[PDB]
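Visitor: Just upload_11.tsv, nothing more (TSV, C-alpha atoms):
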```tsv
chain	number	residue	atom	x	y	z
A	4	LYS	CA	-109.93	-176.56	-363.29
A	5	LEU	CA	-111.46	-179.83	-364.45
A	6	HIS	CA	-114.30	-179.96	-366.96
A	7	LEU	CA	-116.71	-182.90	-366.40
A	8	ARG	CA	-119.53	-184.02	-368.61
A	9	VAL	CA	-122.36	-185.10	-366.35
A	10	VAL	CA	-125.19	-187.42	-367.33
A	11	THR	CA	-128.44	-187.27	-365.43
A	12	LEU	CA	-131.94	-188.75	-365.50
A	13	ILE	CA	-135.19	-186.87	-364.79
A	14	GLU	CA	-136.68	-188.24	-361.56
A	15	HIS	CA	-138.59	-186.09	-359.13
A	16	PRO	CA	-137.59	-184.55	-356.76
A	17	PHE	CA	-133.91	-185.25	-357.51
A	18	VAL	CA	-133.95	-183.82	-361.07
A	19	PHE	CA	-136.71	-181.94	-362.95
A	20	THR	CA	-136.57	-180.13	-366.30
A	21	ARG	CA	-138.36	-177.09	-367.65
A	22	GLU	CA	-138.11	-175.05	-370.84
A	23	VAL	CA	-135.40	-172.38	-371.11
A	24	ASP	CA	-136.60	-168.83	-370.38
A	25	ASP	CA	-137.77	-166.04	-372.72
A	26	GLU	CA	-134.11	-165.06	-373.24
A	27	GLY	CA	-132.97	-168.67	-373.76
A	28	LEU	CA	-131.29	-169.14	-370.39
A	29	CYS	CA	-131.90	-170.82	-367.00
A	30	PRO	CA	-132.29	-168.28	-364.19
A	31	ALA	CA	-132.76	-170.66	-361.26
A	32	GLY	CA	-131.37	-173.85	-362.80
A	33	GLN	CA	-128.70	-175.47	-364.91
A	34	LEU	CA	-128.76	-175.42	-368.69
A	35	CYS	CA	-128.71	-178.98	-369.96
A	36	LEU	CA	-129.09	-180.84	-373.25
A	37	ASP	CA	-131.66	-183.50	-374.02
A	38	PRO	CA	-130.18	-184.73	-377.35
A	39	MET	CA	-131.25	-188.43	-377.15
A	40	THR	CA	-127.85	-189.87	-377.95
A	41	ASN	CA	-125.30	-192.16	-376.43
A	42	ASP	CA	-122.65	-191.05	-378.91
A	43	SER	CA	-119.72	-189.24	-377.31
A	44	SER	CA	-118.60	-187.41	-380.49
A	45	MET	CA	-122.13	-186.07	-381.01
A	46	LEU	CA	-122.17	-184.64	-377.45
A	47	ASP	CA	-118.68	-183.14	-377.90
A	48	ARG	CA	-119.97	-181.34	-381.01
A	49	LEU	CA	-123.16	-180.11	-379.35
A	50	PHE	CA	-121.45	-178.80	-376.22
A	51	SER	CA	-118.64	-177.22	-378.23
A	52	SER	CA	-121.36	-175.34	-380.20
A	53	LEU	CA	-123.29	-174.42	-377.02
A	54	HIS	CA	-120.17	-172.71	-375.58
A	55	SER	CA	-119.10	-170.88	-378.71
A	56	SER	CA	-119.85	-167.82	-380.77
A	57	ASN	CA	-122.61	-169.02	-383.10
A	58	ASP	CA	-124.54	-171.41	-380.85
A	59	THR	CA	-126.47	-173.54	-383.36
A	60	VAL	CA	-127.64	-176.21	-380.93
A	61	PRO	CA	-131.21	-177.14	-381.97
A	62	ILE	CA	-133.51	-175.34	-379.52
A	63	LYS	CA	-135.59	-178.50	-378.81
A	64	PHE	CA	-132.47	-180.02	-377.12
A	65	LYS	CA	-132.17	-177.16	-374.62
A	66	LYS	CA	-133.77	-177.52	-371.15
A	67	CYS	CA	-133.29	-176.17	-367.64
A	68	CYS	CA	-132.46	-178.80	-365.00
A	69	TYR	CA	-133.22	-178.29	-361.31
A	70	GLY	CA	-133.68	-180.41	-358.20
A	71	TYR	CA	-132.06	-181.95	-355.15
A	72	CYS	CA	-129.24	-183.44	-357.26
A	73	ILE	CA	-128.63	-180.21	-359.21
A	74	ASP	CA	-128.29	-178.22	-355.96
A	75	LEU	CA	-125.80	-180.95	-354.85
A	76	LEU	CA	-123.89	-180.82	-358.17
A	77	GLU	CA	-123.60	-177.03	-357.98
A	78	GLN	CA	-122.13	-177.25	-354.50
A	79	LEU	CA	-119.62	-179.94	-355.54
A	80	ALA	CA	-118.58	-177.94	-358.64
A	81	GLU	CA	-117.92	-174.91	-356.43
A	82	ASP	CA	-116.01	-176.83	-353.71
A	83	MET	CA	-114.02	-178.99	-356.06
A	84	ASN	CA	-113.39	-176.24	-358.61
A	85	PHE	CA	-114.74	-177.97	-361.71
A	86	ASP	CA	-117.14	-176.85	-364.39
A	87	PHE	CA	-119.59	-179.15	-366.06
A	88	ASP	CA	-121.71	-179.89	-369.09
A	89	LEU	CA	-125.04	-181.58	-368.24
A	90	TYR	CA	-127.10	-183.88	-370.45
A	91	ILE	CA	-130.05	-186.27	-370.04
A	92	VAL	CA	-129.34	-189.97	-370.70
A	93	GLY	CA	-130.70	-190.87	-374.17
A	94	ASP	CA	-132.53	-194.09	-373.29
A	95	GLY	CA	-134.02	-192.66	-370.07
A	96	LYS	CA	-132.73	-195.70	-368.11
A	97	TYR	CA	-130.65	-195.98	-364.95
A	98	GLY	CA	-128.92	-199.03	-366.44
A	99	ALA	CA	-128.86	-202.81	-366.53
A	100	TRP	CA	-127.02	-205.65	-368.24
A	101	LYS	CA	-129.06	-206.26	-371.42
A	102	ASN	CA	-127.95	-207.96	-374.69
A	103	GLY	CA	-124.29	-208.23	-373.64
A	104	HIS	CA	-123.91	-204.58	-372.60
A	105	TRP	CA	-124.77	-202.04	-369.91
A	106	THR	CA	-127.52	-199.57	-370.74
A	107	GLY	CA	-128.44	-196.16	-369.34
A	108	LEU	CA	-126.20	-194.22	-366.98
A	109	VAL	CA	-124.01	-197.22	-366.32
A	110	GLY	CA	-123.41	-197.60	-370.05
A	111	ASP	CA	-122.47	-193.95	-370.61
A	112	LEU	CA	-119.95	-194.12	-367.77
A	113	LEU	CA	-118.37	-197.36	-369.16
A	114	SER	CA	-118.26	-196.08	-372.74
A	115	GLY	CA	-116.68	-192.78	-371.64
A	116	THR	CA	-119.72	-190.87	-372.92
A	117	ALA	CA	-120.16	-189.25	-369.47
A	118	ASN	CA	-117.55	-188.56	-366.81
A	119	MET	CA	-119.98	-188.75	-363.90
A	120	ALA	CA	-123.68	-189.65	-363.32
A	121	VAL	CA	-125.73	-187.53	-360.90
A	122	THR	CA	-129.41	-188.39	-360.12
A	123	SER	CA	-131.36	-190.81	-357.84
A	124	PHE	CA	-128.87	-193.54	-358.76
A	125	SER	CA	-128.87	-196.67	-356.59
A	126	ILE	CA	-125.64	-198.29	-355.37
A	127	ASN	CA	-126.17	-202.04	-355.81
A	128	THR	CA	-123.88	-205.06	-356.00
A	129	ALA	CA	-124.03	-205.63	-359.79
A	130	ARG	CA	-123.16	-201.99	-360.62
A	131	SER	CA	-120.49	-201.90	-357.95
A	132	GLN	CA	-118.59	-204.55	-359.93
A	133	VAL	CA	-118.25	-202.25	-362.95
A	134	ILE	CA	-118.35	-198.50	-361.94
A	135	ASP	CA	-117.28	-196.47	-358.87
A	136	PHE	CA	-119.86	-194.95	-356.54
A	137	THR	CA	-119.17	-192.22	-354.04
A	138	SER	CA	-120.33	-192.43	-350.45
A	139	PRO	CA	-124.13	-192.29	-350.51
A	140	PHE	CA	-125.89	-188.96	-350.25
A	141	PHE	CA	-129.33	-190.52	-349.62
A	142	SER	CA	-130.72	-193.94	-348.56
A	143	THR	CA	-133.99	-195.63	-349.54
A	144	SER	CA	-135.95	-198.86	-349.20
A	145	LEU	CA	-137.83	-200.16	-352.17
A	146	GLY	CA	-141.57	-199.52	-351.71
A	147	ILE	CA	-144.99	-200.54	-353.06
A	148	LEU	CA	-147.51	-197.90	-354.23
A	149	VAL	CA	-151.23	-198.73	-354.06
A	150	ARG	CA	-154.56	-196.95	-353.93
A	151	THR	CA	-156.33	-196.17	-350.68
A	152	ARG	CA	-158.94	-198.92	-350.28
A	153	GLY	CA	-157.22	-200.80	-353.09
A	154	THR	CA	-154.63	-203.57	-353.01
A	155	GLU	CA	-153.26	-204.45	-349.58
A	156	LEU	CA	-149.79	-206.02	-349.36
A	157	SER	CA	-147.60	-207.02	-346.39
A	158	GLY	CA	-144.38	-206.37	-348.33
A	159	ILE	CA	-142.31	-208.14	-350.99
A	160	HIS	CA	-143.22	-211.62	-349.55
A	161	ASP	CA	-146.98	-211.16	-349.86
A	162	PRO	CA	-148.55	-214.34	-351.41
A	163	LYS	CA	-150.57	-211.98	-353.67
A	164	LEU	CA	-147.30	-211.24	-355.53
A	165	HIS	CA	-145.92	-214.83	-355.71
A	166	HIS	CA	-149.13	-216.64	-356.63
A	167	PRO	CA	-150.95	-213.71	-358.23
A	168	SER	CA	-154.64	-214.02	-359.09
A	169	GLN	CA	-155.60	-213.74	-362.75
A	170	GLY	CA	-155.41	-210.06	-363.70
A	171	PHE	CA	-153.40	-209.01	-360.64
A	172	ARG	CA	-151.22	-206.37	-362.31
A	173	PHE	CA	-148.02	-205.11	-360.70
A	174	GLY	CA	-144.80	-203.76	-362.13
A	175	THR	CA	-141.58	-201.86	-361.64
A	176	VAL	CA	-139.35	-199.66	-363.84
A	177	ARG	CA	-137.39	-201.45	-366.59
A	178	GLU	CA	-133.58	-201.49	-366.40
A	179	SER	CA	-133.49	-200.22	-362.83
A	180	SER	CA	-132.10	-201.59	-359.56
A	181	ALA	CA	-135.70	-202.45	-358.53
A	182	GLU	CA	-135.93	-204.74	-361.57
A	183	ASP	CA	-132.42	-206.13	-360.90
A	184	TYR	CA	-133.57	-206.95	-357.35
A	185	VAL	CA	-136.72	-208.82	-358.39
A	186	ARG	CA	-134.87	-210.60	-361.23
A	187	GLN	CA	-132.08	-211.78	-358.90
A	188	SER	CA	-134.27	-212.58	-355.87
A	189	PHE	CA	-137.64	-213.72	-357.29
A	190	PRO	CA	-137.06	-215.00	-360.84
A	191	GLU	CA	-140.66	-216.30	-361.30
A	192	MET	CA	-142.12	-213.01	-360.01
A	193	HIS	CA	-139.82	-211.21	-362.46
A	194	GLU	CA	-141.20	-213.26	-365.33
A	195	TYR	CA	-144.78	-212.43	-364.28
A	196	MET	CA	-143.97	-208.68	-364.02
A	197	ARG	CA	-142.32	-208.33	-367.46
A	198	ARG	CA	-145.60	-207.55	-369.25
A	199	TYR	CA	-146.39	-204.92	-366.54
A	200	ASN	CA	-143.01	-203.12	-366.16
A	201	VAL	CA	-142.84	-199.53	-367.37
A	202	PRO	CA	-140.15	-197.36	-369.04
A	203	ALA	CA	-140.07	-194.73	-366.29
A	204	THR	CA	-141.40	-193.96	-362.79
A	205	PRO	CA	-144.03	-191.39	-363.91
A	206	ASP	CA	-145.63	-194.10	-366.11
A	207	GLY	CA	-145.95	-196.53	-363.22
A	208	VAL	CA	-147.42	-193.83	-360.98
A	209	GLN	CA	-149.88	-192.70	-363.66
A	210	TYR	CA	-150.95	-196.34	-364.26
A	211	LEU	CA	-151.68	-196.85	-360.58
A	212	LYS	CA	-153.05	-193.35	-359.82
A	213	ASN	CA	-155.11	-192.37	-362.89
A	214	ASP	CA	-158.36	-193.89	-364.26
A	215	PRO	CA	-158.77	-196.34	-365.98
A	216	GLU	CA	-156.31	-198.01	-363.55
A	217	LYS	CA	-153.57	-200.09	-365.31
A	218	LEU	CA	-151.60	-201.39	-362.30
A	219	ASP	CA	-152.90	-202.67	-358.98
A	220	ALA	CA	-149.46	-202.02	-357.36
A	221	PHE	CA	-146.25	-200.30	-358.49
A	222	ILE	CA	-142.87	-201.27	-357.04
A	223	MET	CA	-140.11	-198.58	-356.95
A	224	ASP	CA	-137.75	-196.64	-354.63
A	225	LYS	CA	-139.73	-195.55	-351.56
A	226	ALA	CA	-138.01	-192.13	-351.59
A	227	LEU	CA	-139.59	-191.53	-355.00
A	228	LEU	CA	-143.00	-193.05	-354.17
A	229	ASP	CA	-143.10	-191.06	-350.91
A	230	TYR	CA	-142.63	-187.87	-352.92
A	231	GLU	CA	-145.59	-188.78	-355.15
A	232	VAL	CA	-147.82	-189.54	-352.14
A	233	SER	CA	-146.85	-186.24	-350.53
A	234	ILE	CA	-147.95	-184.16	-353.57
A	235	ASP	CA	-151.20	-186.16	-354.07
A	236	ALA	CA	-154.05	-183.80	-353.26
A	237	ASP	CA	-156.90	-186.35	-353.37
A	238	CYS	CA	-155.05	-188.53	-350.82
A	239	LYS	CA	-155.79	-191.58	-352.95
A	240	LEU	CA	-152.25	-193.12	-352.68
A	241	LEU	CA	-150.32	-195.14	-350.07
A	242	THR	CA	-147.03	-196.94	-349.77
A	243	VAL	CA	-147.52	-200.28	-348.02
A	244	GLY	CA	-145.56	-203.14	-346.51
A	245	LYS	CA	-142.26	-203.83	-344.75
A	246	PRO	CA	-139.01	-202.33	-346.04
A	247	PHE	CA	-136.96	-204.33	-348.50
A	248	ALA	CA	-133.91	-204.02	-350.71
A	249	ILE	CA	-132.52	-200.91	-348.95
A	250	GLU	CA	-129.90	-199.10	-351.12
A	251	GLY	CA	-127.93	-195.85	-350.97
A	252	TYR	CA	-127.98	-193.30	-353.76
A	253	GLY	CA	-124.52	-192.28	-354.93
A	254	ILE	CA	-122.77	-190.40	-357.70
A	255	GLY	CA	-121.46	-192.80	-360.34
A	256	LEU	CA	-117.94	-192.53	-361.78
A	257	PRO	CA	-115.81	-194.79	-364.00
A	258	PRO	CA	-114.15	-197.71	-362.07
A	259	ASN	CA	-111.05	-196.60	-360.06
A	260	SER	CA	-111.69	-192.92	-360.80
A	261	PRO	CA	-109.26	-190.62	-358.96
A	262	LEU	CA	-112.28	-188.29	-358.42
A	263	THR	CA	-114.32	-190.69	-356.30
A	264	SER	CA	-112.60	-190.17	-352.95
A	265	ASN	CA	-112.65	-186.38	-353.26
A	266	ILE	CA	-116.36	-186.36	-354.05
A	267	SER	CA	-117.07	-188.83	-351.24
A	268	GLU	CA	-115.20	-186.60	-348.79
A	269	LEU	CA	-117.29	-183.57	-349.72
A	270	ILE	CA	-120.53	-185.59	-349.58
A	271	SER	CA	-119.51	-186.66	-346.02
A	272	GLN	CA	-118.72	-183.08	-345.01
A	273	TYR	CA	-122.09	-181.98	-346.42
A	274	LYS	CA	-123.98	-184.64	-344.52
A	275	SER	CA	-122.21	-183.95	-341.27
A	276	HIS	CA	-122.84	-180.22	-341.61
A	277	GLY	CA	-126.59	-180.35	-342.24
A	278	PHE	CA	-126.60	-179.74	-346.01
A	279	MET	CA	-128.44	-182.99	-346.82
A	280	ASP	CA	-131.08	-182.00	-344.25
A	281	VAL	CA	-131.34	-178.60	-345.99
A	282	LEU	CA	-131.81	-180.21	-349.43
A	283	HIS	CA	-134.28	-182.80	-348.19
A	284	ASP	CA	-136.53	-180.18	-346.62
A	285	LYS	CA	-136.37	-177.91	-349.64
A	286	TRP	CA	-137.13	-180.65	-352.18
A	287	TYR	CA	-139.66	-182.80	-350.22
A	288	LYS	CA	-141.28	-179.50	-349.25
A	289	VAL	CA	-140.82	-179.78	-345.53
A	290	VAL	CA	-142.09	-176.63	-343.75
```
Is it possible to give me this structure as structure tokens?

Guide:
Amino acid sequence: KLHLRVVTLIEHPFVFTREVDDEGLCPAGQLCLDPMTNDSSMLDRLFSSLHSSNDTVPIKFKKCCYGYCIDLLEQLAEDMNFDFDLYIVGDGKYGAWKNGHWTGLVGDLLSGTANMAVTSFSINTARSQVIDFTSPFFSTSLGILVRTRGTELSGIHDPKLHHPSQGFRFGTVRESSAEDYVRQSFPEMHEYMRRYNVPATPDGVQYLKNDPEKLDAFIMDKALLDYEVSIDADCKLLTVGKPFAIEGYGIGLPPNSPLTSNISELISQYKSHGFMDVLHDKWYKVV
């Protein structure tokens, strides 16, 4: 039996957190730590304590994780006979090349701080050069979130984005594959967006959705934006434009991991037996 330390990132509906219950446990979820660290020794010490007599892990670090990716993780752990420790990435980023190093999930895999990364993690060319990804368990275009009767956009080639009018505010999430895409493909658009980019998806959505409005459009994975539109009561939100920058989501592992092919095989079995349909309908609230 293997023991894997898994890093995740909170991104609805793939991973959510809530507080531990009145007895300190996680009835319908997975106990995880939110310790805000990228230090491997610190995580060893915390998890060691968690699993021992005399658990002295500071209560503020304890959370319950749940979501599409946690259901998937649980199934993998059962089929592949491993147990796992689960923690939330300290910088809250998916990961990019910044100041001579990889940040976020990518960084924790490359430093050996995590054994595997499980969340809405995009498989792109730059990351594929440095970490392993399994076969994808989900696929998504990038998308553009706007208000109903607000900004209209044809897609990523809209002149509104490339010769923006003064005060036209649009952004994406920092250190993500969406940012990588814009940086690589539309360098001058990237430069314009820098002042508008946000730390995390919920910030971009709030800035578009809530008053006083802070973004006119928010660029991010359509699977995530679609989820936000679907839970919007008011019906004030739309995703607009042609698809672009389509990427799979996959589980990240260190490069040339002997685990990758085994996990990919199970992901393929799960897809071809309806399990991804089951998870999609549960978590996007179909039916």

Visitor: Any chance you could tabulate, as JSON lines, the residues of region 102-200 of chain A at most 7 Å from region 224-239 of chain A with each one's nearest atom pair and distance in Å to one decimal, using only C-alpha atoms, in chain and rising number order?

Guide:
```
{"residue": "A:143", "atom": "CA", "partner": "A:226", "partner_atom": "CA", "distance": 5.7}
{"residue": "A:144", "atom": "CA", "partner": "A:225", "partner_atom": "CA", "distance": 5.6}
{"residue": "A:145", "atom": "CA", "partner": "A:224", "partner_atom": "CA", "distance": 4.3}
{"residue": "A:146", "atom": "CA", "partner": "A:225", "partner_atom": "CA", "distance": 4.4}
{"residue": "A:148", "atom": "CA", "partner": "A:228", "partner_atom": "CA", "distance": 6.6}
{"residue": "A:150", "atom": "CA", "partner": "A:239", "partner_atom": "CA", "distance": 5.6}
{"residue": "A:151", "atom": "CA", "partner": "A:239", "partner_atom": "CA", "distance": 5.1}
```

Visitor: Would you mind reading off the distance between CA of residue 90 (chain A) and CA of residue 36 (chain A), one decimal, in Å?

Guide: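 Atom-to-atom, CA of residue 90 (chain A) to CA of residue 36 (chain A), that is 4.6 Å.
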
Visitor: Which residues are close to residue 187 (chain A), i.e. within 12 Å by all atoms listed in the file, leaving aside same-chain residues fewer than 5 positions away? Reply as a PDB file with C-alpha atoms, in the coordinates of the input.

Guide:
```pdb
ATOM      1  CA  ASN A 127    -126.170-202.040-355.810  1.00  0.00           C
ATOM      2  CA  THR A 128    -123.880-205.060-356.000  1.00  0.00           C
ATOM      3  CA  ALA A 129    -124.030-205.630-359.790  1.00  0.00           C
ATOM      4  CA  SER A 180    -132.100-201.590-359.560  1.00  0.00           C
ATOM      5  CA  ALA A 181    -135.700-202.450-358.530  1.00  0.00           C
ATOM      6  CA  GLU A 182    -135.930-204.740-361.570  1.00  0.00           C
ATOM      7  CA  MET A 192    -142.120-213.010-360.010  1.00  0.00           C
ATOM      8  CA  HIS A 193    -139.820-211.210-362.460  1.00  0.00           C
ATOM      9  CA  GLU A 194    -141.200-213.260-365.330  1.00  0.00           C
ATOM     10  CA  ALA A 248    -133.910-204.020-350.710  1.00  0.00           C
TER      11      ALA A 248
END
```

Visitor: Please identify all polymer residues within 12 Å of residue 6 (chain A), counting only C-alpha atoms, omitting same-chain residues fewer than 5 positions from it, and present them as a list in words.

Guide: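 Final neighbour list, sorted by chain and number: residues 50, 80, 83, 84, 85, 86, 87, 88, 89, 117, 118 and 119 of chain A.
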
Visitor: Between A:112, A:290, A:218, A:62, which has the minimum distance to residue 154 (chain A) (counting all atoms listed in the file)?

Guide: A:218

Visitor: Please, which residues in region 202-244 of chain A fall within 9 Å of region 9-14 of chain A when counting all atoms listed in the file, and what is the closest atom pair and distance in Å to one decimal for each, ordered by chain then residue number, as JSON lines?

Guide:
```
{"residue": "A:203", "atom": "CA", "partner": "A:14", "partner_atom": "CA", "distance": 8.7}
{"residue": "A:204", "atom": "CA", "partner": "A:14", "partner_atom": "CA", "distance": 7.5}
{"residue": "A:205", "atom": "CA", "partner": "A:14", "partner_atom": "CA", "distance": 8.3}
{"residue": "A:227", "atom": "CA", "partner": "A:14", "partner_atom": "CA", "distance": 7.9}
```

Visitor: List the neighbours of residue 131 (chain A) out to 12 Å using only C-alpha atoms; skip same-chain residues closer than 4 positions along the sequence, and give me the result as a PDB file with C-alpha atoms, in the coordinates of the input.

Guide:
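So the final result, stored in result.pdb, reads:
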```
ATOM      1  CA  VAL A 109    -124.010-197.220-366.320  1.00  0.00           C
ATOM      2  CA  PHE A 124    -128.870-193.540-358.760  1.00  0.00           C
ATOM      3  CA  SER A 125    -128.870-196.670-356.590  1.00  0.00           C
ATOM      4  CA  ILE A 126    -125.640-198.290-355.370  1.00  0.00           C
ATOM      5  CA  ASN A 127    -126.170-202.040-355.810  1.00  0.00           C
ATOM      6  CA  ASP A 135    -117.280-196.470-358.870  1.00  0.00           C
ATOM      7  CA  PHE A 136    -119.860-194.950-356.540  1.00  0.00           C
ATOM      8  CA  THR A 137    -119.170-192.220-354.040  1.00  0.00           C
ATOM      9  CA  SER A 180    -132.100-201.590-359.560  1.00  0.00           C
ATOM     10  CA  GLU A 250    -129.900-199.100-351.120  1.00  0.00           C
ATOM     11  CA  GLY A 251    -127.930-195.850-350.970  1.00  0.00           C
ATOM     12  CA  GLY A 253    -124.520-192.280-354.930  1.00  0.00           C
ATOM     13  CA  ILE A 254    -122.770-190.400-357.700  1.00  0.00           C
ATOM     14  CA  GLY A 255    -121.460-192.800-360.340  1.00  0.00           C
ATOM     15  CA  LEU A 256    -117.940-192.530-361.780  1.00  0.00           C
ATOM     16  CA  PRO A 257    -115.810-194.790-364.000  1.00  0.00           C
ATOM     17  CA  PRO A 258    -114.150-197.710-362.070  1.00  0.00           C
ATOM     18  CA  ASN A 259    -111.050-196.600-360.060  1.00  0.00           C
TER      19      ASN A 259
END
```

Visitor: Could you check how far CA of residue 155 (chain A) sits from CA of residue 195 (chain A), in Å to one decimal?

Guide: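 So the two atoms, CA of residue 155 (chain A) and CA of residue 195 (chain A), lie 18.8 Å apart.
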
Visitor: Which polymer residues have any atom within 8 Å of an atom of residue 201 (chain A), counting only C-alpha atoms, with same-chain residues fewer than 6 positions away left out, as an MDAnalysis selection string?

Guide: chainID A and resid 174:177 207

Visitor: For residue 138 (chain A), work out the shell of residues within 9 Å, counting all atoms listed in the file and skipping chain neighbours fewer than 5 positions away, then give it as a PyMOL selection string.

Guide: chain A and resi 251-254+263-264+266-268+270-271

Visitor: Determine, using all atoms listed in the file, which residues of region 116-215 of chain A have any atom at most 12 Å from an atom of region 279-282 of chain A, and tabulate each with its shortest atom pair and distance in Å to one decimal place, rows ordered by chain and then rising number, as a Markdown table.

Guide:
```
| residue | atom | partner | partner_atom | distance |
| --- | --- | --- | --- | --- |
| A:139 | CA | A:279 | CA | 10.9 |
| A:140 | CA | A:279 | CA | 7.3 |
| A:141 | CA | A:279 | CA | 8.1 |
| A:142 | CA | A:279 | CA | 11.3 |
```

Visitor: Could you jot down the CA of residue 242 (chain A) to CA of residue 191 (chain A) separation for me, Å, one decimal place?

Guide: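 Computing it gives 23.4 Å between the two atoms.
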
Visitor: Which is closest to residue 46 (chain A) among A:222, A:91, A:149, A:28, if we use only C-alpha atoms?

Guide: A:91

Visitor: Give the padded box for region 197-201 of chain A as AutoDock Vina command-line options: axis-aligned, covering all atoms listed in the file, 8 Å on each side, centre and edge lengths in Å to one decimal.

Guide:
```
--center_x -144.4 --center_y -203.9 --center_z -367.7 --size_x 20.1 --size_y 24.8 --size_z 19.1
```

Visitor: Quick one: of A:156, A:43, A:206, A:283, who's nearest to residue 113 (chain A), counting only C-alpha atoms?

Guide: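 Distance minimum relative to residue 113 (chain A) lands on A:43.
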
Visitor: Compare A:23, A:196, A:7, A:147 by their minimum atom-to-atom distance to residue 240 (chain A), counting only C-alpha atoms, and give me the closest one.

Guide: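 Going through A:23, A:196, A:7, A:147 one by one, the smallest distance to residue 240 (chain A) is for A:147.
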
Visitor: Using all atoms listed in the file for the distances, tell me which of A:285, A:163, A:198, A:66 is nearest to residue 19 (chain A).

Guide: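 Going through A:285, A:163, A:198, A:66 one by one, the smallest distance to residue 19 (chain A) is for A:66.
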
Visitor: Missing atoms in region 97-113 of chain A: can you complete it with N, CA and C atoms, as a PDB file, keeping the file's coordinate frame?

Guide:
```pdb
ATOM      1  N   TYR A  97    -131.733-195.958-365.901  1.00  0.00           N
ATOM      2  CA  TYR A  97    -130.650-195.980-364.950  1.00  0.00           C
ATOM      3  C   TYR A  97    -129.529-196.936-365.395  1.00  0.00           C
ATOM      4  N   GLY A  98    -129.898-198.126-365.843  1.00  0.00           N
ATOM      5  CA  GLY A  98    -128.920-199.030-366.440  1.00  0.00           C
ATOM      6  C   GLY A  98    -128.988-200.460-365.926  1.00  0.00           C
ATOM      7  N   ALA A  99    -128.939-201.396-366.853  1.00  0.00           N
ATOM      8  CA  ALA A  99    -128.860-202.810-366.530  1.00  0.00           C
ATOM      9  C   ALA A  99    -128.042-203.506-367.585  1.00  0.00           C
ATOM     10  N   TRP A 100    -127.674-204.746-367.286  1.00  0.00           N
ATOM     11  CA  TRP A 100    -127.020-205.650-368.240  1.00  0.00           C
ATOM     12  C   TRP A 100    -128.101-206.247-369.164  1.00  0.00           C
ATOM     13  N   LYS A 101    -128.086-205.823-370.427  1.00  0.00           N
ATOM     14  CA  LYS A 101    -129.060-206.260-371.420  1.00  0.00           C
ATOM     15  C   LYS A 101    -128.355-206.428-372.760  1.00  0.00           C
ATOM     16  N   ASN A 102    -128.556-207.596-373.380  1.00  0.00           N
ATOM     17  CA  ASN A 102    -127.950-207.960-374.690  1.00  0.00           C
ATOM     18  C   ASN A 102    -126.433-207.770-374.752  1.00  0.00           C
ATOM     19  N   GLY A 103    -125.755-208.270-373.723  1.00  0.00           N
ATOM     20  CA  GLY A 103    -124.290-208.230-373.640  1.00  0.00           C
ATOM     21  C   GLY A 103    -123.672-206.871-373.360  1.00  0.00           C
ATOM     22  N   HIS A 104    -124.481-205.905-372.937  1.00  0.00           N
ATOM     23  CA  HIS A 104    -123.910-204.580-372.600  1.00  0.00           C
ATOM     24  C   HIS A 104    -124.672-203.889-371.490  1.00  0.00           C
ATOM     25  N   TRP A 105    -124.065-202.852-370.895  1.00  0.00           N
ATOM     26  CA  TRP A 105    -124.770-202.040-369.910  1.00  0.00           C
ATOM     27  C   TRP A 105    -125.502-200.921-370.617  1.00  0.00           C
ATOM     28  N   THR A 106    -126.728-200.660-370.190  1.00  0.00           N
ATOM     29  CA  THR A 106    -127.520-199.570-370.740  1.00  0.00           C
ATOM     30  C   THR A 106    -127.478-198.369-369.807  1.00  0.00           C
ATOM     31  N   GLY A 107    -128.212-197.331-370.181  1.00  0.00           N
ATOM     32  CA  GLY A 107    -128.440-196.160-369.340  1.00  0.00           C
ATOM     33  C   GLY A 107    -127.195-195.440-368.862  1.00  0.00           C
ATOM     34  N   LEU A 108    -127.267-194.992-367.618  1.00  0.00           N
ATOM     35  CA  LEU A 108    -126.200-194.220-366.980  1.00  0.00           C
ATOM     36  C   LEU A 108    -124.960-195.058-366.839  1.00  0.00           C
ATOM     37  N   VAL A 109    -125.139-196.317-366.463  1.00  0.00           N
ATOM     38  CA  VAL A 109    -124.010-197.220-366.320  1.00  0.00           C
ATOM     39  C   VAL A 109    -123.274-197.310-367.632  1.00  0.00           C
ATOM     40  N   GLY A 110    -124.009-197.477-368.734  1.00  0.00           N
ATOM     41  CA  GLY A 110    -123.410-197.600-370.050  1.00  0.00           C
ATOM     42  C   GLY A 110    -122.600-196.399-370.475  1.00  0.00           C
ATOM     43  N   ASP A 111    -123.149-195.201-370.256  1.00  0.00           N
ATOM     44  CA  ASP A 111    -122.470-193.950-370.610  1.00  0.00           C
ATOM     45  C   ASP A 111    -121.198-193.748-369.790  1.00  0.00           C
ATOM     46  N   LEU A 112    -121.188-194.212-368.543  1.00  0.00           N
ATOM     47  CA  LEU A 112    -119.950-194.120-367.770  1.00  0.00           C
ATOM     48  C   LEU A 112    -118.875-195.081-368.334  1.00  0.00           C
ATOM     49  N   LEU A 113    -119.277-196.306-368.655  1.00  0.00           N
ATOM     50  CA  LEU A 113    -118.370-197.360-369.160  1.00  0.00           C
ATOM     51  C   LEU A 113    -117.890-197.112-370.570  1.00  0.00           C
TER      52      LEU A 113
END
```
